[PDB]
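Chains E and 8, in that order, are what the protein sequence lines are. With the authors' numbering applied, the first sequence covers 1 to 108, 111 to 166, 223 to 306, 309 to 436, 461 to 593, 598 to 650. With the authors' numbering applied, the second sequence covers 1927 to 1977, 1996 to 2074. Heads up, the beta-carbon is just placed ideally off N, CA and C, and yes, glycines get one too.
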Amino acid sequence: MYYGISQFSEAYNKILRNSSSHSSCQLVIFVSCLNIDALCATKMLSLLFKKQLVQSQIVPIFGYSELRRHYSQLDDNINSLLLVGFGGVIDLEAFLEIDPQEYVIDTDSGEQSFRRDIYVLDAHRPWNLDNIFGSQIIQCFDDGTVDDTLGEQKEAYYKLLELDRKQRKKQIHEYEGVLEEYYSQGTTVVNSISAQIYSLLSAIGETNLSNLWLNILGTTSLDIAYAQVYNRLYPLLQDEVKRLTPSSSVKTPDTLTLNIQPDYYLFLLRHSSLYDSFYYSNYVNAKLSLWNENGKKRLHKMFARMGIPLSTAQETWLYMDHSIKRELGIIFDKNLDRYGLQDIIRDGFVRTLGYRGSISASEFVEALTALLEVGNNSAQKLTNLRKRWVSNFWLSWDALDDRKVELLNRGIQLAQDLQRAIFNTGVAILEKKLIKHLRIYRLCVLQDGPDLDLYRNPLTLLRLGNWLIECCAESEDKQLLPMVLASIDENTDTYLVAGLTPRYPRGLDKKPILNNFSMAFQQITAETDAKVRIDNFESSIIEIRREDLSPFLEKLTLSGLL
Amino acid sequence: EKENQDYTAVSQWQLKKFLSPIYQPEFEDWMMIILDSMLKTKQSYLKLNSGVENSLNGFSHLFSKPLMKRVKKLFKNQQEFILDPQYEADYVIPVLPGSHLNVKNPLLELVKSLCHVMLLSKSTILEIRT
């Protein structure tokens, strides 16, 4: 509520009024690492502050305790704080021990001012009502859901705070019931941080092709589990592409172009073979069931039907005969309807410059996600491991630059290897039937397997989780159920547990489903004495000990908040 | 000259002290059951035969059927009250001067101790292993 979209520009002006000083650094941007959206958002923010000369300190943070450690050691000279990708769910005054009495300067007249501004760039739609309403210091960059949906909770909270027998109980318990109905609600995303920051850049006037491409990457990175967000934000990106494109031509070494062209829903089409692109795609294995041998037979049969030889299909896309790849849209239109792959046809954004080849938005965001993942006494191991993924995040930041395409090709190769590992472990799960039905949720526990040291990473376990949700979503015989995905780390000796939401099949076209695992995780942590970690910014990511795993799952299946 | 011979049962396990306080008397209970079944099996074998393996072969057929059900019921009680702070005081591990190991599941340690004291038999080691 404190910043609607039409005054994002005003908020940026306030940042200048606290940070446009050549002598000292006064702006520190806390970025949630291990998120593509926050990475692109901070890249656009860093370009904007570089063009206007604002001093900055970009700090990547993994855990909530890491946030508290970094905020506790901050100097008092810093007056502007930007929280990218997080800070929209928890109460920041109750977490960062913030009291407004020692941070207030020049209160005199009903005006209040503070010596530090903390801005929140968060996409998680459960918004803390104290944080968004009763807080002057914590300033939210709201998408606009407060003006449409959160009005009843606004008046309930305001008459709760204003009024500190049957009338008092009858109104106060009703407003607290409304507030507790808004609370204990699942977590969802309907807007991207990159779209909000590009709206800020449109309000200022610093938009160009690079910021538009970063906005395209940030919007495209949410297409895996939040396809309604991408389908909503696609026409604005189409309007911006057709606005900032030039008039027209011959391929020349300096002309960067960014076209809206058919970019099919495939894993790494332009940097791998067509056989490996269909074989490692989540949607193709989701529909044709490629995990068993019959699916591979059907894939070879449709290669026979499409007229593409397996010698030509297994050849690299750049070296592929273009009698196959020029009329590939016509072949896709004629042949994919019989096998159910009609939804492969999809228009996306493809950027190229010079003579170095074309890259799509989807291939670029899988390359960036791979560079986040495997880009490079137990508490020291956790600290070193958190430092390792912070180094991975900065390597992926280095890959965002135009002059560092070798990092991009390294990310492409890492994405290929990681998708091979994900495919092997996915068919490992599916062949031996470790998926167990618990009547309210589906349980998948990895005890041992091939290269299990990749799954101490969060996004690799989320990649396996989205693989399983896509593979099980097209099977209509089992209905929509939430998924618990646990992976064991022997050296740390902890089960890292991820909560995965189900989704409808991609061909259908409604209300998005929520993430009800954080409420149960918090309630079990409060009621039981489980030594667990809640510090991840995605609240469905927890770490349990091995010996406390089965009581945690029994208390999870006893609880009805799934 | 007595039919009962004024026999007594002596149990002096220091192994029992490395267990949770709820699980300590059940160890003595199952040791008493093991002892009574062993005397009954030895008496039956001696009376049958007299008119490398010892007299004790096949003694665990007498009480494995209650013991499997008791272990499963104890496991069901284990998966409820270990993390509950009301009953966690019965589930703690004691600190003793000889202790060097760390327990991970108290019922696993109890089952290992019972199967190890039953595993000392040199004759019926196959059946105890099963």
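Next item on the list: Can you have a look at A125 (chain E) and say buried or exposed, based on whether 16 or more other CB atoms are within 10 angstroms of its CB?
Entry: buried
Margin query: Bridge partners for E631 (chain E) per DSSP, in chain order?
Written below: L580 (chain E) and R621 (chain E)
Notebook entry, point to check: Would you say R2014 (chain 8) touches the ligand SAM, meaning its beta carbon is less than 7 Å from a heavy atom?
Noted result: This structure lacks the ligand SAM; in fact it carries no ligand of any kind.
Item checked: Option in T578 (chain E), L569 (chain E), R540 (chain E) and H521 (chain E) with minimal Cα separation from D561 (chain E) -> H521 (chain E)
Next item on the list: Under 8 Å by Cβ, that's how I've got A38 (chain E) and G85 (chain E) pegged, so tell me the actual separation to the nearest angstrom.
Entry: Yes, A38 (chain E) and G85 (chain E) are in contact; Cβ-Cβ is about 3 Å, under 8 Å.
Notebook entry, point to check: For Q500 (chain E), which residues of its own chain have a beta-carbon under 7 Å away from its beta-carbon, when the five flanking residues on both sides are left out?
Noted result: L328 and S332
Checklist line | Contacts around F507 (chain E), its chain only, beta-carbon distance under 7 Å, and the 5 residues preceding and following it disregarded | finding: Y340
Item checked: Below-8 Å beta-carbon distance, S638 (chain E) vs any chain 8 residue -> With 8 Å as the cut-off, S638 (chain E) counts as an interface residue toward chain 8.
Notebook entry, point to check: Out of curiosity, what's the CA-to-CA distance linking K619 (chain E) and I630 (chain E)?
Noted result: 10 Å
Item checked: From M1964 (chain 8), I1948 (chain 8), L2006 (chain 8) and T2068 (chain 8), residue whose alpha carbon lies closest to that of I2037 (chain 8) -> Here the closest residue by C-alpha is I1948 (chain 8).
Notebook entry, point to check: Opposite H521 (chain E) in the DSSP bridges: which residues?
Noted result: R526 (chain E)
Margin query: For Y64 (chain E) and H2060 (chain 8), I'd like the C-alpha separation in whole angstroms.
Written below: 46 Å
Notebook entry, point to check: How would you list, in chain order, the residues of chain E whose beta-carbon sits under 8 Å from the beta-carbon of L2027 (chain 8)?
Noted result: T616, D617, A618, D636, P639, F640 and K643
Checklist line | Own chain residues within Cβ distance below 6 Å of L580 (chain E), not counting five before or after | finding: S571 and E631
Note to self: Give me the residue from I36 (chain E), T578 (chain E) and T277 (chain E) with the minimum Cα distance to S638 (chain E).
What the structure shows: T578 (chain E)
Note to self: For the structure I just gave you, are there three or more beta carbon pairs, one from the segment 277–292 of chain E and one from the segment 311–318 of chain E, closer than 8 Å?
What the structure shows: no
Next item on the list: Identify the contact partners of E2032 (chain 8) in chain E, using a Cβ-Cβ distance below 8 Å as the criterion.
Entry: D617
Note to self: Residues of chain E with CB closer than 7 Å to the CB of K2048 (chain 8), please, in chain order.
What the structure shows: Those are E635, listed as they occur along chain E.
Next item on the list: Compare the Cα-Cα distances from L2027 (chain 8) to each of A430 (chain E), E642 (chain E), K14 (chain E) and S21 (chain E) and report the closest residue.
Entry: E642 (chain E)
Check: Which residues in chain E sit within 7 Å of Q2023 (chain 8), going by Cβ to Cβ distance?
Finding: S638, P639 and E642
Note to self: Could you compute how far the alpha carbon of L16 (chain E) sits from the alpha carbon of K516 (chain E)?
What the structure shows: 59 Å
Note to self: Measuring alpha carbon to alpha carbon, tell me which residue in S2008 (chain 8), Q1938 (chain 8), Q1931 (chain 8) and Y1971 (chain 8) is nearest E2071 (chain 8).
What the structure shows: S2008 (chain 8)
Notebook entry, point to check: Based on Cα-Cα distance, which residue from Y399 (chain E), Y240 (chain E) and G367 (chain E) lies nearest to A346 (chain E)?
Noted result: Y399 (chain E)
Notebook entry, point to check: For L569 (chain E), which beta-bridge partners are listed by DSSP?
Noted result: According to DSSP, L569 (chain E) shares a beta bridge with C528 (chain E) and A582 (chain E).
Note to self: I'd like to confirm the pairing. Which residues does DSSP put opposite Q141 (chain E) in its beta bridges?
What the structure shows: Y121 (chain E)
Next item on the list: Consult DSSP for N319 (chain E) and reduce its assignment to one of helix, strand or coil.
Entry: strand
Next item on the list: Name the one or two DSSP bridge partners that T376 (chain E) has.
Entry: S333 (chain E)
Notebook entry, point to check: Can you give the Cα-Cα distance for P322 (chain E) and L270 (chain E), rounded to whole angstroms?
Noted result: 19 Å
Next item on the list: Report the option in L1941 (chain 8), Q1950 (chain 8) and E2032 (chain 8) whose CA atom is closest to the CA atom of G2042 (chain 8).
Entry: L1941 (chain 8)
Checklist line | Cβ pair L650 (chain E), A608 (chain E) closer than 8 Å | finding: yes
Item checked: Paired residues, beta bridge with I61 (chain E) - DSSP -> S32 (chain E)
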